[PDB]
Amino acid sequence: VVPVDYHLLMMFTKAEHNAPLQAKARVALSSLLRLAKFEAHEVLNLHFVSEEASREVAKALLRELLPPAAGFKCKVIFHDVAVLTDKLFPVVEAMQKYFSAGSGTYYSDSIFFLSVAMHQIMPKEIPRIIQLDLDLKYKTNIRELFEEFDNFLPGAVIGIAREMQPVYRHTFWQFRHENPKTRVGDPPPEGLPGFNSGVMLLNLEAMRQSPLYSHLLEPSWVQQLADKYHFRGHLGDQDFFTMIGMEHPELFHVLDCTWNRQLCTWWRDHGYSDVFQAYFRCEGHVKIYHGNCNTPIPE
């Protein structure tokens, strides 16, 4: 047979003596591997972005979980957070001031933009990769998520689910105030609530090959849009994709909410009681739960 590689990428940093993070990783990776099934010629590659102490922690957790029950081939790859930070910085520097806590441009924030420049960081033999948070719990075979790449329309480069809280309603306040007819920051079905970065289908080939996407990475384009939208955030890649998605929704294949069912209700209690349910509603059979903002995941 001709071997077919499937690639996932997870951030796993500062994990030593971070027991809550390790437990999140355990929940995510155990459910992932329990429920995954791949054909005999297929291989699941698990990429981790980690400093050295976290690499050791991940290795101890993985040996307890591999090889998977289902018997499929799994390869673990580690990437040095310091190396990636240096590769990312030239590309990502100009966006940091708009999307990092808070001001202005620190190396320590650079890695939170990895996804936006993944197509320049990963080897060109990797055409596609799925980036996943570690505070997830998988309820289905991850192999099934890969078929969503086949549903990208021409010109779409990334697959992403909507943000299920009114955080962007809040963030875009001034733009909304100046533009009363805008859908920017409004809830679904008809609004543009923004995106959540917990589950992302990065078509590296499509990102590399898109002139539009390439232009939007340039400092002057980042600046012009952040000025237009009066945008300030601290959520990194999620904020950038959210912003360019207001201007250029064609770039994004919107995954159904069941692929990233976020559980965080922080914003409900901080000014958005009345509109909260319109953002938070998600119906369907849940495929991935996302226990964001340290929210316990139900069982």
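Here, rigid core means the biggest group of C-alpha atoms that superpose within 1.5 Å across both forms. In case it trips you up, residue 1 is the first one in the sequence shown, and so on.
- After a core fit, the C-alpha atoms in 8 other deposited structures of this protein lie farther on average from the shown form in one of 157-165 and 93-101, namely 93-101.
- Residue 67, present in the displayed chain, goes without coordinates in a third or more of the other PDB entries compared that cover both sides of it.
- For the pair 33-41 and 50-58, the mean B factor over Cα atoms is greater in 33-41.
- Per-stretch averaging of Cα B factors for 82-90 and 97-105 places 97-105 on top.
- Residue set 72, 213, 113, 172: peak C-alpha B-factor at 72 (per PDB entry).
- Within the listed group 136, 164, 153, 145, the record reports its top CA B-factor for 153.
- When the CA B factors of the chain's modelled residues are split into thirds, the value for residue 180 lands in the highest one.
- Ranked against the other modelled residues of its chain, the C-alpha B-factor of residue 8 as given in the entry falls in the lowest third.
- For residue 264, the recorded CA B-factor ranks within the lowest third of the chain. Only modelled residues enter the ranking.
- In this PDB entry, the Cα temperature factor of residue 118 sits in the bottom third of its chain's modelled residues, the lowest group.
- The PDB entry assigns residue 187 a C-alpha temperature factor belonging to the middle third of its chain's modelled residues.
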